[PDB]
Amino acid sequence: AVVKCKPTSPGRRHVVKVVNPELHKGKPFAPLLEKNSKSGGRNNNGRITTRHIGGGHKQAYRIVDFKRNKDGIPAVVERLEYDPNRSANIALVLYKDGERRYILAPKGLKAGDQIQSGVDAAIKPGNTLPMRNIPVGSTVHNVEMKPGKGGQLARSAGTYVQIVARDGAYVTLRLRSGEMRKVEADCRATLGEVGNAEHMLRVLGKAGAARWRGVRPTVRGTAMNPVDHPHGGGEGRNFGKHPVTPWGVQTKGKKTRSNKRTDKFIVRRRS
Amino acid sequence: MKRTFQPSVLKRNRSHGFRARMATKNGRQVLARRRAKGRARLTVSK
Amino acid sequence: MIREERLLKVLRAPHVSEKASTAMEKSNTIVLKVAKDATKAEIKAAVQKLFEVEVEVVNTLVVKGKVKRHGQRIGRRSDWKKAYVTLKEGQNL
RNA sequence: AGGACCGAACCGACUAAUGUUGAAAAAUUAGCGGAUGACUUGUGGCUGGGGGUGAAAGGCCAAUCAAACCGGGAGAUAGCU
RNA sequence: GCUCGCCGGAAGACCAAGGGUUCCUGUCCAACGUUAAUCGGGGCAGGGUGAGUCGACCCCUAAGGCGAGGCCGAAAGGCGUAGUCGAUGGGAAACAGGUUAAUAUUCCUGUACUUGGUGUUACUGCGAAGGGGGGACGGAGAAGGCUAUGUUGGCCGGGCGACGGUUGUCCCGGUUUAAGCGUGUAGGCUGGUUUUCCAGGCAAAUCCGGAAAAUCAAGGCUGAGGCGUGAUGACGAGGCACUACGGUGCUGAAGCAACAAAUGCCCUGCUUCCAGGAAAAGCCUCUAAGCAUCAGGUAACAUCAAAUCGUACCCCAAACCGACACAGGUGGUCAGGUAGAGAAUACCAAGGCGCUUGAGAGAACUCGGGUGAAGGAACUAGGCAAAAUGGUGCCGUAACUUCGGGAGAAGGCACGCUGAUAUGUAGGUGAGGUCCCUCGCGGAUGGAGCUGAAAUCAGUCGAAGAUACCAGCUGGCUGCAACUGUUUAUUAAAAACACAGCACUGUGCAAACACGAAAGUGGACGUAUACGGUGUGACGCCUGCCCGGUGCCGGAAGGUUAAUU
Ligand SMILES: [Mg+2]
Ligand SMILES: [Mg+2]
Ligand SMILES: [Mg+2]
Ligand SMILES: [Mg+2]
Ligand SMILES: [Mg+2]
Ligand SMILES: [Mg+2]
Ligand SMILES: [Mg+2]
Ligand SMILES: [Mg+2]
Ligand SMILES: [Mg+2]
Ligand SMILES: [Mg+2]
Ligand SMILES: [Mg+2]
Ligand SMILES: [Mg+2]
Ligand SMILES: [Mg+2]
Ligand SMILES: [Mg+2]
Ligand SMILES: [Mg+2]
Ligand SMILES: [Mg+2]
Ligand SMILES: [Mg+2]
Ligand SMILES: [Mg+2]
Ligand SMILES: [Mg+2]
Ligand SMILES: [Mg+2]
Ligand SMILES: [Mg+2]
Ligand SMILES: [Mg+2]
Ligand SMILES: [Mg+2]
Ligand SMILES: [Mg+2]
Ligand SMILES: [Mg+2]
Ligand SMILES: [Mg+2]
Ligand SMILES: [Mg+2]
Ligand SMILES: [Mg+2]
Ligand SMILES: [Mg+2]
Ligand SMILES: [Mg+2]
Ligand SMILES: [Mg+2]
Ligand SMILES: [Mg+2]
Ligand SMILES: [Mg+2]
Ligand SMILES: [Mg+2]
Ligand SMILES: [Mg+2]
Ligand SMILES: [Mg+2]
Ligand SMILES: [Mg+2]
Ligand SMILES: [Mg+2]
Ligand SMILES: [Mg+2]
Ligand SMILES: [Mg+2]
Ligand SMILES: [Mg+2]
Ligand SMILES: [Mg+2]
Ligand SMILES: [Mg+2]
Ligand SMILES: [Mg+2]
Ligand SMILES: [Mg+2]
Ligand SMILES: [Mg+2]
Ligand SMILES: [Mg+2]
Ligand SMILES: [Mg+2]
Ligand SMILES: [Mg+2]
Ligand SMILES: [Mg+2]
Ligand SMILES: [Mg+2]
Ligand SMILES: [Mg+2]
Ligand SMILES: [Mg+2]
Ligand SMILES: [Mg+2]
Ligand SMILES: [Mg+2]
Ligand SMILES: [Mg+2]
Ligand SMILES: [Mg+2]
Ligand SMILES: [Mg+2]
Ligand SMILES: [Mg+2]
Ligand SMILES: [Mg+2]
Ligand SMILES: [Mg+2]
Ligand SMILES: [Mg+2]
Ligand SMILES: [Mg+2]
Ligand SMILES: [Mg+2]
Ligand SMILES: [Mg+2]
Ligand SMILES: [Mg+2]
Ligand SMILES: [Mg+2]
Ligand SMILES: [Mg+2]
Ligand SMILES: [Mg+2]
Ligand SMILES: [Mg+2]
Ligand SMILES: [Mg+2]
Ligand SMILES: [Mg+2]
Ligand SMILES: [Mg+2]
Ligand SMILES: [Mg+2]
Ligand SMILES: [Mg+2]
Ligand SMILES: [Mg+2]
Ligand SMILES: [Mg+2]
Ligand SMILES: [Mg+2]
Ligand SMILES: [Mg+2]
Ligand SMILES: [Mg+2]
Ligand SMILES: [Mg+2]
Ligand SMILES: [Mg+2]
Ligand SMILES: [Mg+2]
Ligand SMILES: [Mg+2]
Ligand SMILES: [Mg+2]
């Protein structure tokens with residue numbers, strides 16, 4: 001649950017942590033693990049291309065099955081697990097044929113529950129179906145964008161997508177952003193919301209907590225010299241400029257989407 | 001205190017050796033210049 | 001089999017010193033200067049075939065040349081190989 | 001338990017005195033701060049000059065930085081000494 | 001040579017990196033050495049580095065590099081697939097003693113171990129570029145069992161003291177032994193075993209995973225240390241004989257126990273937390289193609305092989321980085337005694353040094369210190385500097401508070417030594433003996449011996465008992481920043497930067513955004529509870545009015561308006 005720490009030190013005074021007793025306390029499932037070393041925000045040229053990234057705790061990648069294409073073989077949830085690579089919990093499920101897979105844990109999924117993917121699966125949380133077989137008004141997550149490609153929408157903790165209409169070969173979704181989008185009716189979705197909905201109530205409490213997650217400090221543009229930022233310079237605290245990015249593009253309200261390729265699928269922007 | 005030259009034979013070779021020079025056309029031009037000048041020691045290798 | 005001319009080339013000279021003597025009169029070991037690229041097997045075969053003795057083991061070390069001054073001129077002697085050849089306690093070259 | 005406390009190693013550098021053709025092109029002595037962490041350190045690797053990197057001082061990039069060093073344009077130009 | 005002094009968690013010892021002959025011996029003192037020099041890291045000559053087990057090489061991979069084809073690019077070239085490199089990581093094996101002027105886990109002595117190739121003998125399903133297991137992994141904490149090691153006792157050898165005493169409850173010294181091999185202990189983990197079946201492990205599998213029965217209820221894995229052996233050996237205080245004053249040869253006593261005890265080992269363990277903690281090979285195992293009474297595999301025995309390169313010496317320094325024989329810098333390992341909490345500190349051991357100019361004198365003045373009448377901040381920009389406080393146990397402790405703090409608030413008392421309680425206590429350890437048995441590295445009882453606080457009472461010395469070294473000054477009001485951190489290497493450490501928190505805004509994934517003529521890459525193997533940018537800066541109470549100007553967002557009737565025609 002959500003527990004406040006006690007102020008035995010200034011760095012603990014404001015910490016709020018989210019603790020789940022249900023999470024498996026042992027090592028993860030070794031066959032489904034890979035190495036993933038860190039980048040530091042650097043690309044193959046060796047240059048910082050995304051700022052504010054570096055350090056943090058070592059992590060191993062858990063191969064999560066986002067496709068859910070083992071059709072017609074029921075599986076049972078073995079345990080819930082902590083995944084360092086995302087904000088949601090991953091459930092280790094076991095198929096009747098002896099195969100084990102990691103899936104995103106929906107809300108309410110406890111150990112021992114039965115899940116199944118396919119066109120004929122029951123309408124219950126954790127089951128993956130094509131959205132033409134999912135009834136309208138249903139709440140889904142791990143939504144696909146192209147058939148067979150893998151779920152891509154509503155994968156963070158507590159997120160979900162609502163199927164608001166079905167007209168022909170396309171279903172209309174309401175994304176978490178508030179955007180109304182069309183996607184093909186043959187894409188798959190998993191019923192129910194993503195678990196760990198209390199993830200947003202946590203409070204890191206101190207700077208070290210953010211440094212543990214690989215996040216490096218942010219230097220304000222207005223604290224720099226003019227050679228460094230458009231906001232730099234001044235005698236005392238001076239701004240007198242329209243706010244911009246470090247590369248001179250206006251940064252409060254100016255839209256940046258430009259994709260006429262996918263413009264056709266957007267029923268209504270998020271506003 | 002801690003000066004600027006901290007010797008390390010491996011790094012010295014890997015960054016200024018014969019094969020490091022030959023790996024690039026600019027390094028080969030360096031070698032050509034030193035040969036034309038007549039240097040008795042082309043690289044840090046010897 | 002290692003060829004006769006290889007054997008006739010690998011050995012260069014006997015090494016004369018107090019340590020070499022002490023080795024000879026105490027542990028039945030002769031000390032030789034050998035070819036810089038001579039292997040232990042080659043040295044063993046050569047000494048057996050050219051001195052008519054039995055050898056049980058050979059120990060080799062490479063001696064580095066001394067940097068020297070010859071009228072403020074920089075010189076350097078050549079590296080050579082030294083072999084510790086042990087004989088079979090009855091051979092007495 | 002803890003970016004918890006006192007305090008050696010270790011990391012740093014607040015004050016004073018000395019030195020200032022120095023023992024030292026940044027140190028010594030007496031004190032001083034952190035000392036399980038946003039800690040410190042070895043080895044190797046990557047980012048290259050209007051570029052890097054910067055918990056941001058225009059700081060650092062080989063005792064060199066409001067644009068490194070080396071060679072070249074080059075005997076730049078100099079109504080000035 | 002004999003005294004004196006200094007370090008002793010180093011100023012001792014051993015390595016890595018780096019250096020390269022500085023190592024040892026003989027010889028010389030021109031130059032070098034901040035003086036002399038017979039000396040030297042100086043000159044000259046000669047000598048010296050011995051490996052199947054140490055390291056490299058080698059097999060395997062990380063970050064990253066290179067990269068057949070490929071994609072991209074005026075050219076040069078960039079990126080990258082298959083691959084192939086790349087340790088700072090994973091992977092077989094040796095110890096003790098002796099010896100040189102200089103090497104030694106390398107040589108010698110003794111005793112071992114590993115891998116591979118052959119050859120026989122016996123038995124037999126072998127086979128991978130594929131499958132599975134394993135390798136294989138965090139932080140913190142706690143305890144138990146041990147050992148290294150130390151102390152004391154016992155034992156053995158020696159001594160009977162330059163000055164009162166010293167045949168004893170006295171003094172000095174020694175009391176050491178490895179790998180390997182056998183055993184399998186404290187502890188840790190784990191239910192085994194046999195069938196039958198299966199949408200899984202790209203195919204197959206007897207292997208792994210899954211499912212259902214039966215059955216046994218103890219089987220397996222791991223594991224420090226001890227014990228035995230290794231070892232009737234070696235070593236050993238000394239004693240005896242000598243060159244020749246360096247050291248040579250022979251012999252050789254005791255070689256036990258108790259207690260204390262690691263930061264080392266069991267332990268890659270156990271408990272717990274969230275920030276969720278490499279890879280690949282060696283290794284074990286399963287089969288496919290294939291070979292099929294051949295190969296190949298297993299076991300026993302014999303034999304052969306284990307190449308090549310490093311190995312000297314310095315290594316917190318006169319040998320490395322600093323132009324110097326330079327108060328500087330430099331990663332790892334070892335870790336004795338007394339006191340102490342301690343790797344602080346003081347004095348010492350082992351060991352190493354007295355820092356490559358000295359001799360006098362005892363002016364001013366400068367530097368580093370000690371003490372100071374009376375006063376006590378009057379000094380000064382400012383208590384700068386100095387002085388002072390300082391330990392342990394106990395008593396006691398305010399405003400305020402986010403209820404944790406403030407707090408070691410403040411302030412005070414006791415503190416040595418001797419005796420008794422108690423010829424050494426509470427406690428710890430624990431022999432002999434006795435008993436039991438699923439009989440031995442076992443259990444129960446038992447207390448010898450060893451070790452051993454803390455307290456009370458009484459006495460006693462000094463001016464002073466936390467006596468040295470070591471070791472908080474304290475309190476009150478207020479500005480700023482919430483706090484821990486970061487910063488101008490070399491005049492600024494702060495109120496500056498960051499920060500957790502807050503808000504605005506962009507971004508629907510081939511995301512926005514950034515590096516790139518591009519291909520690509522980062523964001524992210526993430527998906528709006530996510531990511532980028534901007535401002536503010538814990539927390540509490542809050543955050544008012546203005547859209548005229550500039551910017552942004554939206555609109556698109558009208559005016560104006562490019563190439564083009
Ligand atoms: Mg950022
Ligand atoms: Mg921020
Ligand atoms: Mg500024
Ligand atoms: Mg920049
Ligand atoms: Mg600008
Ligand atoms: Mg102002
Ligand atoms: Mg103004
Ligand atoms: Mg060798
Ligand atoms: Mg602390
Ligand atoms: Mg300063
Ligand atoms: Mg100091
Ligand atoms: Mg300190
Ligand atoms: Mg503190
Ligand atoms: Mg401290
Ligand atoms: Mg240029
Ligand atoms: Mg400025
Ligand atoms: Mg500089
Ligand atoms: Mg310029
Ligand atoms: Mg010109
Ligand atoms: Mg020029
Ligand atoms: Mg000129
Ligand atoms: Mg070397
Ligand atoms: Mg010399
Ligand atoms: Mg010498
Ligand atoms: Mg000499
Ligand atoms: Mg002289
Ligand atoms: Mg003279
Ligand atoms: Mg010399
Ligand atoms: Mg040998
Ligand atoms: Mg080895
Ligand atoms: Mg690679
Ligand atoms: Mg490439
Ligand atoms: Mg090509
Ligand atoms: Mg390789
Ligand atoms: Mg290595
Ligand atoms: Mg190794
Ligand atoms: Mg030596
Ligand atoms: Mg494998
Ligand atoms: Mg590891
Ligand atoms: Mg740990
Ligand atoms: Mg012991
Ligand atoms: Mg012992
Ligand atoms: Mg006696
Ligand atoms: Mg007397
Ligand atoms: Mg004694
Ligand atoms: Mg099975
Ligand atoms: Mg024994
Ligand atoms: Mg420790
Ligand atoms: Mg040595
Ligand atoms: Mg030393
Ligand atoms: Mg000197
Ligand atoms: Mg020095
Ligand atoms: Mg150090
Ligand atoms: Mg001590
Ligand atoms: Mg003390
Ligand atoms: Mg000390
Ligand atoms: Mg001392
Ligand atoms: Mg001594
Ligand atoms: Mg005087
Ligand atoms: Mg004075
Ligand atoms: Mg005084
Ligand atoms: Mg006075
Ligand atoms: Mg007085
Ligand atoms: Mg007074
Ligand atoms: Mg006063
Ligand atoms: Mg005054
Ligand atoms: Mg005055
Ligand atoms: Mg005043
Ligand atoms: Mg002061
Ligand atoms: Mg003082
Ligand atoms: Mg006190
Ligand atoms: Mg206060
Ligand atoms: Mg007090
Ligand atoms: Mg007792
Ligand atoms: Mg004990
Ligand atoms: Mg006020
Ligand atoms: Mg004021
Ligand atoms: Mg502050
Ligand atoms: Mg601070
Ligand atoms: Mg600093
Ligand atoms: Mg400064
Ligand atoms: Mg991409
Ligand atoms: Mg601010
Ligand atoms: Mg308006
Ligand atoms: Mg507009």
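Below, chain A is the first sequence line, B the second, and so on; all start at residue 1.
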- By nearest-heavy-atom nucleotide on RNA chain D, the more 5' of A:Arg211 and B:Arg14 is A:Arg211

Distance-only check: which donor-acceptor pairs under 3.5 Å involve side-chain atoms of residues 136-146 of chain A, not counting sequence neighbours?
| residue | atom | partner | partner atom | Å |
| --- | --- | --- | --- | --- |
| A:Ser138 | OG | A:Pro135 | O | 3.1 |
| A:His141 | ND1 | A:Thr190 | O | 3.2 |
| A:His141 | ND1 | A:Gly192 | O | 2.2 |
| A:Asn142 | ND2 | A:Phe66 | O | 3.3 |
| A:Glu144 | OE1 | A:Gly148 | N | 3.4 |
| A:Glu144 | OE1 | A:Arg188 | N | 3.0 |
| A:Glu144 | OE2 | A:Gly150 | N | 2.9 |

Side chain of [X], heavy atoms from C-beta onward: which of [options] has the nearest atom to it?
X	options	result
A:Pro74	E:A199, E:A538, E:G554	E:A199
A:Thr256	E:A512, E:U49, E:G277	E:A512
A:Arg62	E:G48, E:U529, E:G277	E:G277

- Does any pair with a residue in residues 10-21 of chain B pass salt bridge (charged side-chain N to carboxylate O under 4.0 Å, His left out), and if so which ones, sequence neighbours excluded? none

- Query: Tell me, which pairs form a salt bridge (charged side-chain N to carboxylate O under 4.0 Å, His left out) where one or both residues lie in residues 96-111 of chain A, sequence neighbours left out?
  - Reply: A:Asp65-A:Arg101, A:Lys70-A:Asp97, A:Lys70-A:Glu99, A:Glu78-A:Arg100, A:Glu99-A:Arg101, A:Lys107-A:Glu193, A:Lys110-A:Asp113

Do any N or O atoms of the protein come closer than 3.5 Å to N or O atoms of nucleotides 2-5 of chain D, and which pairs are they?
| residue | atom | partner | partner atom | Å |
| --- | --- | --- | --- | --- |
| D:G2 | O3' | A:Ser9 | OG | 3.4 |
| D:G3 | OP1 | A:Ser9 | OG | 2.4 |
| D:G3 | OP1 | A:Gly11 | N | 3.4 |
| D:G3 | OP1 | A:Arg12 | N | 3.1 |
| D:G3 | OP2 | A:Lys206 | NZ | 3.3 |
| D:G3 | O4' | A:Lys206 | NZ | 2.9 |
| D:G3 | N7 | A:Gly208 | N | 3.0 |
| D:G3 | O6 | A:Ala207 | N | 3.1 |

Please check [N] against [M]: Watson-Crick or G-U wobble, both distances under 3.5 Å.
N	M	value
E:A339	E:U111	no
E:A556	E:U105	no
E:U402	E:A538	yes
D:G59	D:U53	yes
E:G485	E:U38	no
E:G264	E:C146	yes
E:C531	E:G506	yes
E:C240	E:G249	yes

Mind checking the [atom1] distance from [N] to [M]? Whole angstroms is fine.
N	M	atom1	answer
E:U185	E:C146	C1'	12 Å
E:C450	E:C259	P	11 Å
E:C227	E:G184	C1'	11 Å

Which part of the nucleic acid, if any, lies within contact of [X], taking any heavy atom under 4.0 Å across all strands shown: a base, the sugar-phosphate backbone alone, or nothing?
X	result
A:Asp228	base
A:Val64	nothing
A:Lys241	nothing
A:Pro7	base
A:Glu198	nothing
A:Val203	sugar-phosphate

Under 3.5 Å between N/O atoms: give me all the protein pairs with nucleotides 310-321 of chain E, atom names plus distance.
| residue | atom | partner | partner atom | Å |
| --- | --- | --- | --- | --- |
| E:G310 | OP1 | C:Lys64 | NZ | 2.6 |
| E:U311 | OP2 | C:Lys64 | NZ | 2.7 |
| E:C321 | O2' | B:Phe5 | O | 2.7 |

- If E:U183 has a Watson-Crick or G-U wobble mate with both distances under 3.5 Å, name it; if not, just say none. E:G226

Do the six-membered rings of [N] and [M] lie with centres under 5.5 Å apart and planes under 30° from parallel?
N	M	value
E:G424	E:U425	no
E:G236	E:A237	no
D:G12	D:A13	yes

Would you list the protein and nucleotides 22-24 of chain E atom pairs, both N or O, that sit under 3.5 Å from each other?
none

Without placing hydrogens or testing angles, list every side-chain donor-acceptor pair under 3.5 Å for residues 30-46 of chain B, not counting sequence neighbours.
| residue | atom | partner | partner atom | Å |
| --- | --- | --- | --- | --- |
| B:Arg34 | NE | B:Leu42 | O | 2.9 |
| B:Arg34 | NH2 | B:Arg41 | O | 3.2 |

What nitrogen or oxygen pairs link the protein and nucleotides 508-511 of chain E at under 3.5 Å?
| residue | atom | partner | partner atom | Å |
| --- | --- | --- | --- | --- |
| E:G508 | OP1 | A:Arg257 | NH1 | 2.5 |
| E:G508 | OP2 | A:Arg269 | NH1 | 3.1 |
| E:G508 | OP2 | A:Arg269 | NH2 | 2.6 |
| E:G508 | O3' | A:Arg181 | NH1 | 3.1 |
| E:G508 | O2' | A:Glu179 | OE1 | 3.2 |
| E:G508 | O2' | A:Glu179 | OE2 | 2.2 |
| E:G508 | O2' | A:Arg181 | NH1 | 3.1 |
| E:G508 | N7 | A:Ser177 | OG | 2.3 |
| E:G508 | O6 | A:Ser177 | N | 2.9 |
| E:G508 | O6 | A:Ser177 | OG | 2.9 |
| E:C509 | OP1 | A:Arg257 | NH1 | 3.0 |
| E:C509 | OP1 | A:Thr262 | OG1 | 2.9 |
| E:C509 | OP2 | A:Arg181 | NH1 | 2.8 |
| E:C509 | OP2 | A:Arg181 | NH2 | 3.0 |
| E:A510 | OP2 | A:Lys149 | NZ | 2.5 |
| E:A510 | OP2 | A:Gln152 | NE2 | 3.1 |
| E:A510 | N7 | A:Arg261 | NH2 | 3.0 |

Can I get a per-line list of side-chain donor-acceptor pairs under 3.5 Å for residues 56-63 of chain A, giving both atom names and the distance, sequence neighbours left out?
| residue | atom | partner | partner atom | Å |
| --- | --- | --- | --- | --- |
| A:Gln59 | NE2 | A:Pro84 | O | 3.3 |
| A:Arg62 | NH1 | A:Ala60 | O | 2.7 |

- Which parts of nucleotides 129-135 of chain E does protein reach within less than 4.0 Å, heavy atoms only, written one letter per nucleotide 5' to 3' as B for base, S for sugar-phosphate only and - for none? ----S--

Enumerate the protein-to-nucleotides 521-524 of chain E contacts in which both atoms are nitrogen or oxygen and the separation is below 3.5 Å.
| residue | atom | partner | partner atom | Å |
| --- | --- | --- | --- | --- |
| E:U521 | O4' | A:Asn44 | ND2 | 3.2 |
| E:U521 | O2' | A:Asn44 | N | 2.7 |
| E:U521 | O2 | A:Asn43 | ND2 | 3.1 |
| E:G522 | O3' | A:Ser39 | OG | 3.3 |
| E:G522 | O2' | A:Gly41 | O | 3.2 |
| E:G522 | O2' | A:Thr49 | OG1 | 3.2 |
| E:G522 | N2 | A:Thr50 | OG1 | 3.0 |
| E:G522 | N3 | A:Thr49 | OG1 | 3.2 |
| E:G523 | OP1 | A:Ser39 | OG | 2.9 |
| E:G523 | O4' | A:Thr50 | OG1 | 3.2 |

- Can you list, by residue number, the residues of residues 85-93 of chain C that have a non-hydrogen atom closer than 4.0 angstrom to RNA chain E? none

- So, A:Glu179 and A:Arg268, do they make that salt bridge, N to O below 4.0 Å? no

- Inspect the contact between A:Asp263 and A:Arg257 and indicate whether a charged nitrogen and a carboxylate oxygen are less than 4.0 angstrom apart. yes

